[PDB]
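Residue numbers (my numbering), protein chains in the order written: chain A, 1 to 139; chain B, 1001 to 1191; chain C, 2001 to 2287. Even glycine gets a Cβ: it sits at the ideal position worked out from N, Cα and C.
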Amino acid sequence: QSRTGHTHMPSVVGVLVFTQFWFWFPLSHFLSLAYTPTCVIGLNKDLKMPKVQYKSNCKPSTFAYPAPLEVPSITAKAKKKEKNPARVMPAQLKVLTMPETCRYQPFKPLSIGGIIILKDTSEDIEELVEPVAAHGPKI
Amino acid sequence: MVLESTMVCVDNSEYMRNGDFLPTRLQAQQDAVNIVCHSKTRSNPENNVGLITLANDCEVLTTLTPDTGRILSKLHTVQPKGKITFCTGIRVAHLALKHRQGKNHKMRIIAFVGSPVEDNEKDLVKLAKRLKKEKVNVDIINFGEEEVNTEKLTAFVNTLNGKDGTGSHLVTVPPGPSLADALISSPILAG
Amino acid sequence: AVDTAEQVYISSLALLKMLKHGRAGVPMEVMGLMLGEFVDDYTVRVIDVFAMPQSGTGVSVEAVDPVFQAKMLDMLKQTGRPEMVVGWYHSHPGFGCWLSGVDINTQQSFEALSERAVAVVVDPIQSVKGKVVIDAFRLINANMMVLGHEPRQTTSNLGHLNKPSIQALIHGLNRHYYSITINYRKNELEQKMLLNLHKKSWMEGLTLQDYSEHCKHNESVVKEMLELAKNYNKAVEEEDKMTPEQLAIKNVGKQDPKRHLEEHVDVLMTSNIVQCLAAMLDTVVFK
Ligand SMILES: [Zn+2]
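What follows is the structure, given as structure tokens:
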């Protein structure tokens, strides 16, 4: 389902066709249609990318990645920057706390995770624009 | 060669043993069946020949098959009962033409009529309309007579015979002590 | 070099013909021929199945008479059976359903025309009447030993193909000799005709004949079964008199595998026939 409670059509289709691999195994390729990345968006302008750094009321070591083998009580701020927002648990959306000293702040109070924009409170110079990547595996 | 089915209908009434004509001409027309089946065998041995009578209770004596070795035996024991039956005699073969093995074999049915016809002109035009409708080659052979030979049978053939080009022929034999083999072999149907 | 996932469709025609052919499945080697139509690559359907006369040689390529085979097939072609042969079947009593060298040689010789060449071996001699599970056999290419043995997709049905899990024949001779899955099919005419035919095969003619027979035998014959039933009931109660002593002493663990409950429940079920048929006598007496 989505954040508002509505269910995604390509997610249900992707999971049912994903369960339809019993008769035809190559049908499992439709699982990518149900991949919904969990993150936040603080994009203010279409061509300008800002940097929003909040803080979590939980331990940062408890939310780290389970690094496998090699085989050759509170964090100061979150790890989400340049917005590269990482994964976020739906239970983590209640422990986020925006900093009071943050230069920028949206108009809508960020309470639950979703897609929102950023409002320029300073309306001054030094918007901190960052460049874009280059050719490689992607376009 | 020629791919067609042959059906013969012989009379089993007691009208075939009168001493005025041939001495029990049943054997003579049996030899006619022999020379037409051996002649068609010499032309195309893949032709099937059936045997059935025109009695009241029609009985298929031999199924359509090119093997005449047992047909020669089945030509005997004619069981001389009954007088004549025309409707189920036509319907017993013209409708049975669909049971043949080779679908490419054309439809050809002959009949040996030794008794006067009991059906009126209405049945003659209904059956002639049915046979002209389904387009089956019909050769009428009338052996022996009591009344005039062809009075309504003329219009029966003219209304039954379609496709005037190389169509069917009518065989009318006059009285005479000579054999019937050379007289019925004169048209193009034999050979 | 291509392979698909094939599955053999088995109707009740070939099944019942293999059951009558299994009744005629004498120790002597028997022969049979399967027919059908090939619609696509990975499906095969059998419709026509007949038997073959036995011979002193048994299952062999010399026993198959081509003029008799082609003669009967032609007689099926002149009738409403326009299906070509799809395979040949036989019976292997006693020594197992596996295929000897002669069978794989006549299979190699008979598979030159049909690429599928379905082979079925029925063996009802040592098989119990509880299950009629039958299996279809296949021939693998000798040049596929370098590459994978069976590159068959849809590996789900292999769990249903794992039911014949004998530890000597399947993987005891699985090299160069594999098998294929089997499914069934039943239309509504077979379902209602055979279903109502079997229910009627367990029912009466008018369905009202043998009811009053038991309704009135409850007073003549079943009375003996009721007295004997009470003799078994008391014959267990004589031990149930001793049960409250052990149950009054130990109360820990169970040592007697007898339950003494479900048997008496069944006795009550046999005793309820009088109650269920009393209303039947009420209907026969009423109207
Ligand atoms: Zn043996």
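Helix, strand or coil at residue i [DSSP, three-state]
i	result
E70 (chain A)	coil
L118 (chain A)	coil
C39 (chain A)	coil
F2050 (chain C)	strand
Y65 (chain A)	coil
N1137 (chain B)	strand
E1004 (chain B)	strand
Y2009 (chain C)	strand
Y2042 (chain C)	coil
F1112 (chain B)	strand
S2201 (chain C)	helix
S2156 (chain C)	coil
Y54 (chain A)	coil
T2243 (chain C)	helix
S1043 (chain B)	helix
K1122 (chain B)	helix
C1009 (chain B)	strand
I1090 (chain B)	helix
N1142 (chain B)	strand
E2037 (chain C)	strand
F1021 (chain B)	coil
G2096 (chain C)	coil
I2134 (chain C)	coil
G2058 (chain C)	coil
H2090 (chain C)	strand
Test: residue i CB closer than 9 Å to a CB of chain A
i	result
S2179 (chain C)	no
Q2153 (chain C)	yes
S2156 (chain C)	yes
Amino acids of chain C, ordered along the chain, whose beta-carbon sits closer than 9 Å to that of residue i
i	result
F107 (chain A)	Near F107 (chain A) there are no residues of chain C at all, since even the closest Cβ is about 54 Å away, more than 9 Å.
Proximity test, Cβ basis, 9 Å: residue i and chain C
i	result
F18 (chain A)	no
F30 (chain A)	no
Buried/exposed call for residue i, threshold 16 Cβ in 10 Å
i	result
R1108 (chain B)	buried
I2249 (chain C)	exposed
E1151 (chain B)	exposed
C2276 (chain C)	exposed
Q1029 (chain B)	buried
residue 2325 (chain C)	No answer is possible for residue 2325 (chain C): the residues shown for chain C start at 2001 and end at 2287.
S1039 (chain B)	exposed
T1068 (chain B)	buried
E100 (chain A)	exposed
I1110 (chain B)	buried
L2099 (chain C)	buried
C2097 (chain C)	buried
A2112 (chain C)	exposed
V1148 (chain B)	exposed
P50 (chain A)	buried
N1048 (chain B)	buried
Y2232 (chain C)	exposed
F2137 (chain C)	buried
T2106 (chain C)	buried
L96 (chain A)	buried
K80 (chain A)	buried
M1001 (chain B)	exposed
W24 (chain A)	exposed
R2259 (chain C)	exposed
Contact test: residue i Cβ vs ligand 2 heavy atom, cutoff 8 Å
i	result
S2100 (chain C)	Absence of ligand 2 is noted for the structure shown, with ligand 1 being the only ligands found.
Distance cut-off 8 Å: residue i Cβ against heavy atoms of ligand 1
i	result
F21 (chain A)	no
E2029 (chain C)	yes
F2137 (chain C)	no
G2094 (chain C)	yes
Contacts of residue i in chain C (Cβ-Cβ under 8 Å)
i	result
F23 (chain A)	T2154 and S2156
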